[PDB]
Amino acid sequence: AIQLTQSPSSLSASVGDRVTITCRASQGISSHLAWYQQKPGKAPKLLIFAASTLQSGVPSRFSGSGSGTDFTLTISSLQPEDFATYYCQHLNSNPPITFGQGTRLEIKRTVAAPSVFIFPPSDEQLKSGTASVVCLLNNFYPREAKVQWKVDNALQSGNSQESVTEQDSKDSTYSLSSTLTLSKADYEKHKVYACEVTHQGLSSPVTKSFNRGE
């Protein structure tokens, strides 16, 4: 019956900016709308109900407005901890309730370059029959970063997987881990394992490496 459409679907802004998300209802719902903030891994947290009433405890930099079909959530002065996905809900006093699709909000900040570390496979893992090699990029901005595995200078491809944390709530940076997986047999054929990192904050690529057995 009611479809709710949020706009934009994602967005980035700097600390101190004024941010506005809109929610559009397919028919007039008059003022029965709530706003929620969801942080990664956490339950949604109520921010606004009846389209403009601040839920108790919620910082006053959050405010809402609108009625009928067009609603807006506003953050007057964005803070690093406001990184989240925000949802609107139709406060229907009969069931069905519905939610918008979500609006992802990320913090813009100044370029930070990553600290890089490489970890050889542990002896316990080798005893089992596999070897993983781990490369860590720590506390960088922005999110785009290139990690190249090199094994005796052969660029490896197809045998690694990476993972990125969600943006940090205080320094607003990211971290990344890349894992090169090999059998023990393949691992012992080679000597120089190395991890080469490209990022906007690095003047030239950084490489961290070790020689197997040192």
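Residue numbers run from 1 along the displayed sequence.
Enquirer: Which one of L180, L33, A145, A43 shows the biggest C-alpha B-factor in the PDB entry?
Expert: The record points to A145.
Enquirer: Mind checking which third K191 falls in for C-alpha B-factor across the chain?
Expert: According to the entry, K191 has a C-alpha B-factor in the chain's middle third.
Enquirer: What third of the chain does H90 rank in for C-alpha temperature factor, lowest, middle or highest?
Expert: It belongs to the lowest third of the chain when residues are ordered by C-alpha B-factor.
Enquirer: Comparing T130 with the other modelled residues of its chain, is its CA B-factor in the lowest, middle or highest third?
Expert: According to the entry, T130 has a C-alpha B-factor in the chain's highest third.
Enquirer: Would you please rank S209 by its C-alpha temperature factor against the other modelled residues of its chain and give the third it falls in: lowest, middle or highest?
Expert: Within its chain, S209 is a lowest-third residue by C-alpha B-factor, going by the deposited values.
Enquirer: Going by the entry, which third of its chain does the Cα temperature factor of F140 land in?
Expert: CA B-factor rank for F140: middle third.
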